[PDB]
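Here's the structure, in structure tokens; my notes come after.
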Amino acid sequence: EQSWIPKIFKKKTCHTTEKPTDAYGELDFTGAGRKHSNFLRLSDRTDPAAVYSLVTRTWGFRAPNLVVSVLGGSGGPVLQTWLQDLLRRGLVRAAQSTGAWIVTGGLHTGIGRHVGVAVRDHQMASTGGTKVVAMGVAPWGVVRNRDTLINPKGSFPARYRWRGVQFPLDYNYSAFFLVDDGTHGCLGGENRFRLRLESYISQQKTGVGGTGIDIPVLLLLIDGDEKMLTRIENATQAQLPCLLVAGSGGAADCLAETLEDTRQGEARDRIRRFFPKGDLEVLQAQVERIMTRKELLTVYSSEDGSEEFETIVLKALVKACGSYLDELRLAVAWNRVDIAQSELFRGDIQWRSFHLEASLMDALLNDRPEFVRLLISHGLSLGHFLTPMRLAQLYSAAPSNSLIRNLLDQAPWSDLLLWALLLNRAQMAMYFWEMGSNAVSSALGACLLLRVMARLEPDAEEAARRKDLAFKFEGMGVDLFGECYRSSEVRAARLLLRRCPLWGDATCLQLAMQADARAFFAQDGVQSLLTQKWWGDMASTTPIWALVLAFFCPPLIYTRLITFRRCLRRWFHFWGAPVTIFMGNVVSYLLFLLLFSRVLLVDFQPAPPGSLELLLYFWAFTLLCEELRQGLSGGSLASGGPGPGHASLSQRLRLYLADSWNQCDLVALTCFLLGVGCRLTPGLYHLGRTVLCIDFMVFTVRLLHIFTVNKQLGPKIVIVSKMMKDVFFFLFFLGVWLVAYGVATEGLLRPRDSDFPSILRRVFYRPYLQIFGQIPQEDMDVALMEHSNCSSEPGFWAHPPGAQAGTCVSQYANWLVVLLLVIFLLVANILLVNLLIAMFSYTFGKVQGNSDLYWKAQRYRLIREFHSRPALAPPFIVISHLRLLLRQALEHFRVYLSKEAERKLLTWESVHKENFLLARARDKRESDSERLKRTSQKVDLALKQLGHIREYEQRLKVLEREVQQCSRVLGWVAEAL
Amino acid sequence: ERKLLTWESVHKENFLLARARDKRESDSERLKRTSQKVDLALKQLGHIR
Amino acid sequence: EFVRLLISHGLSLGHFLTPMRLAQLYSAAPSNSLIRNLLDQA
């Protein structure tokens with residue numbers, strides 16, 4: 001695998017030399033575990049920046065937040081029980097709450113064996129995730145079995161054997177640094193590597209960018225021995241780390257007594273420690289070098305036990321700093337919320353503004369969404385916070401390298417909302433939308449921007465998040481509009497249609513259209529607005545017959561029947577509505593078909609053409625012109641199309657030829673041109689008629705695409721195209737079963753008059769008309785024909801009475817023909833047709849629910865097409881094109897309001913939004929599964945408070961017994977002596 | 001091969017732990033642990049009287 | 001339910017499983033008709 005490890009890191013032998021390093025790789029214990037632990041042999045006096053870069057970069061460890069270092073020696077008996085409680089409650093629960101490390105002498109049977117027991121017990125007790133990591137620094141020279149690790153290339157698994165002064169390696173850790181100095185069995189022979197590593201960690205920033213704090217580090221000592229004071233004084237003189245001294249040990253309680261003062265030093269150095277030591281420098285150096293400063297040391301409380309440990313750590317680590325680190329930035333660097341809870345809600349110290357204003361910047365970068373609610377709820381106003389230098393700094397952080405970094409390689413709340421939407425943070429984005437201003441338009445725009453940016457990234461793990469976040473925004477927008485349509489439908493109609501300035505001159509509805517949001521058109525209020533849009537200017541659900549009677553006679557609109565200086569505006573309002581230009585288009589098209597039929601049936605003689613064909617040619621030229629206008633005027637940004645504004649001719653040409661109906665009309669026009677050019681040349685008169693009669697069919701079948709808009713045929717026309725998965729199955733099965741019957745029948749009868757078309761006819765075409773109730777039996781039997789022998793081959797022959805069935809049919813074994821007829825009719829008639837009915841029913845009942853939604857989506861585009869179309873008939877399309885080429889959507893697409901009504905309307909909707917979110921939150925709060933959780937927490941609290949009451953009865957009974965004994969003794973000395 | 005078996009073993013050890021925690025944090029074992037804790041609290045309250 | 005406890009915070013199985021032990025474990029046959037009948041041929 002890697003090979004730079006024996007290139008950089010060195011080792012030493014038996015005043016010594018330097019060589020490349022062997023014996024490295026992963027290590028495996030044949031036990032219950034989820035990973036193989038890493039180890040490395042390395043030489044002393046190496047720059048620890050390399051080994052820190054090794055641990056962070058190559059191996060999969062995350063950069064730490066807190067480095068505690070257990071540093072003591074008990075000598076190896078079993079410890080008393082409350083020390084086990086301390087290491088089992090305080091240095092493991094805190095160490096997996098925050099992502100932390102534990103640096104320990106990594107051998108077995110040392111102080112670290114108890115640490116391993118505590119880690120193992122806490123993993124075996126419960127599973128809360130994020131298993132406790134630990135490194136082990138140990139000297140090469142006391143490990144029991146060598147020669148199963150050392151190999152010059154290296155072993156990636158390594159089986160390890162305990163049985164087969166030395167020590168084994170413990171099996172609880174995840175990293176093994178083996179320092180070497182050159183010896184065999186010198187315990188306690190490497191410390192300066194450990195001190196320089198511990199010191200190098202505390203000058204390195206945390207987080208992604210270098211913004212926040214330096215990593216805190218602390219040395220925790222329970223009882224040691226007579227040389228541990230040197231280890232204390234080296235660190236606390238050199239690098240200023242905060243210390244912590246566990247009370248009631250046996251070699252550090254001397255420091256507790258000499259710090260609790262604020263010669264007796266000889267009284268202390270022989271009472272709370274090993275009395276044979278030699279009072280020569282221990283009283284002077286190994287106490288005075290420690291007690292020359294006291295802002296660093298801290299006595300841990302012996303009367304106050306566990307469940308307060310990180311509070312004591314936090315207080316000591318703040319206190320020793322002032323010999324700028326604060327409390328909130330350290331809390332945000334961890335993930336604990338309750339520390340911020342107590343610090344904010346506690347009324348002992350009034351909080352300033354600079355602390356919050358600085359710490360919010362560190363909260364936004366490392367994606368801690370639960371803290372921003374606290375830091376902005378009872379804190380600062382954001383108008384003080386957001387400054388353009390700060391926002392430039394926030395954009396300046398780029399946490400990834402491929403999404404916004406690649407899109408910048410080419411280069412107040414909504415400003416944060418775009419920032420949250422670019423970098424894929426869900427729990428930030430919901431909060432910034434909920435504290436937003438323009439409610440409904442922002443949701444659909446967010447859905448649009450996610451659907452666009454989902455394409456450019458390569459992976460699928462990103463797309464499975466982007467599509468889900470887009471569905472979440474679309475659903476939230478749908479429910480918000482549904483909770484506003486309930487009251488004052490005029491207000492909702494005014495809200496939906498208007499223009500939102502934050503994204504340019506675009507409306508809400510067009511943004512919903514270009515992102516393909518099905519569920520937003522799915523609901524009913526949008527449908528009821530599109531209905532009134534489609535009835536045009538000033539009509540309301542007048543029936544059809546009034547419209548037809550108005551369109552037939554123009555002096556009936558000035559009267560009572562239509563329902564809504566004066567007349568010349570009334571006449572312009574009536575013909576502007578789309579439901580009238582639709583009727584005009586349909587009437588013109590039917591007149592075109594009737595004229596074409598009267599040309600084809602009676603006329604179209606071999607002659608010079610005349611007026612009744614020149615009218616048709618003029619008509620076809622106008623239809624080609626209108627098709628060219630629709631094509632050139634110009635699709636869907638959700639696919640990745642070129643979008644509005646300007647695009648290429650090579651883009652619009654590719655766009656237009658993908659929708660099938662215009663492709664069919666183009667084919668129809670070219671076939672029409674082929675026929676009408678065929679005719680003008682002489683000598684090919686018949687072929688023009690033959691082509692043009694077939695092309696009439698393709699002109700006629702387009703009369704279904706026009707009626708897609710209407711209400712009662714809309715969801716019915718679309719389903720017919722999705723039922724083409726079964727007609728092909730029917731044709732396959734029937735063709736295979738049909739050809740065999742045809743060949744077998746014409747083999748048994750043997751007609752003695754044969755050609756190619758007669759045989760092809762009598763094999764295919766005659767069985768095909770037998771499944772539709774036409775069964776002629778004249779050519780099948782012989783017992784209906786005349787026994788006539790006119791044939792020359794030997795046998796017996798019969799004469800058919802019909803046509804096309806030859807003139808001679810054999811009679812040998814004629815009953816097989818009748819039996820095959822019965823078999824074929826029973827198969828095709830009784831099984832296949834009924835099976836096809838069953839398949840249509842089962843396909844329809846499934847696909848109906850999707851087809852209805854897809855029809856509801858496209859109705860807006862089909863309405864929008866008709867308004868841009870010219871308002872005159874194809875007999876007046878020359879004058880409409882004259883008005884178009886004389887100077888070379890507005891209705892129900894922009895409503896302009898007064899700004900006081902705008903400012904009122906946004907308040908009206910913001911009230912409903914703030915009501916809606918609170919209603920949903922309280923409905924989640926008062927459910928029937930969170931009652932159980934709060935009762936669980938309250939019963940746990942009650943049990944914990946009940947745990948204090950028990951010992952008071954024991955101590956109070958003991959004290960009352962002592963008072964009774966003292967009263968008995970005083971009464972004895974008074975009245976008994 | 002040796003890399004691929006590690007790649008799948010990570011997913012297996014993730015999958016079993018996910019299923020066990022999903023069973024652990026359901027809405028029928030909360031009731032059982034609260035029953036046991038109320039019994040423990042009543043037993044410890046029985047000494048005070 | 002005990003083997004999880006005795007192998008969780010206990011020994012490594014590379015020490016435990018030895019071929020004499022495994023022969024002893026196969027040597028126990030709790031039934032008389034499924035593996036006993038299929039070792040009647042062996």
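In the structure tokens, chains take letters A, B, ... by order of appearance, with residues numbered from 1 within each chain and ligands from 1 in the order shown.
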
Residues of chain A within 8 Å of chain C, counting only C-alpha atoms, what are they? List them as number ranges by chain. A: 29-32, 120

Atom pair atom CA of residue C:6 / atom CA of residue A:81: separation (Å):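 For atom CA of residue C:6 relative to atom CA of residue A:81, the distance reads 23.6 Å.
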
Which value, in Å to one decimal, gives the distance between atom CA of residue A:807 and atom CA of residue A:779?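 Computing it gives 10.4 Å between the two atoms.
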
Which distance in Å separates atom CA of residue A:129 and atom CA of residue A:97, to one decimal?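 Taking atom CA of residue A:129 and atom CA of residue A:97, their separation equals 9.8 Å.
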
If we count only C-alpha atoms, which residues of chain A reach to within 7 Å of chain B? Please list them as a PDB file with N, CA, C and O atoms, in the first residue's frame.
ATOM      1  N   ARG A  34     -14.914  -4.277  15.820  1.00  0.00           N
ATOM      2  CA  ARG A  34     -15.279  -3.776  14.500  1.00  0.00           C
ATOM      3  C   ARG A  34     -14.105  -3.241  13.674  1.00  0.00           C
ATOM      4  O   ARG A  34     -14.299  -2.811  12.537  1.00  0.00           O
ATOM      5  N   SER A 929     -46.985   9.892  22.089  1.00  0.00           N
ATOM      6  CA  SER A 929     -45.709   9.219  22.198  1.00  0.00           C
ATOM      7  C   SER A 929     -44.659  10.072  22.874  1.00  0.00           C
ATOM      8  O   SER A 929     -43.574   9.565  23.167  1.00  0.00           O
ATOM      9  N   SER A 936     -40.999   9.370  31.419  1.00  0.00           N
ATOM     10  CA  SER A 936     -39.754   8.654  31.676  1.00  0.00           C
ATOM     11  C   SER A 936     -38.705   9.567  32.292  1.00  0.00           C
ATOM     12  O   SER A 936     -38.048   9.199  33.277  1.00  0.00           O
ATOM     13  N   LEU A 943     -36.406   9.588  40.916  1.00  0.00           N
ATOM     14  CA  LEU A 943     -35.580   8.546  41.505  1.00  0.00           C
ATOM     15  C   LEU A 943     -34.220   9.089  41.927  1.00  0.00           C
ATOM     16  O   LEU A 943     -33.701   8.727  42.993  1.00  0.00           O
ATOM     17  N   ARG A 950     -31.610   8.624  51.572  1.00  0.00           N
ATOM     18  CA  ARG A 950     -31.435   7.362  52.285  1.00  0.00           C
ATOM     19  C   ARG A 950     -30.343   7.434  53.353  1.00  0.00           C
ATOM     20  O   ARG A 950     -30.527   6.923  54.463  1.00  0.00           O
TER      21      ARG A 950
END
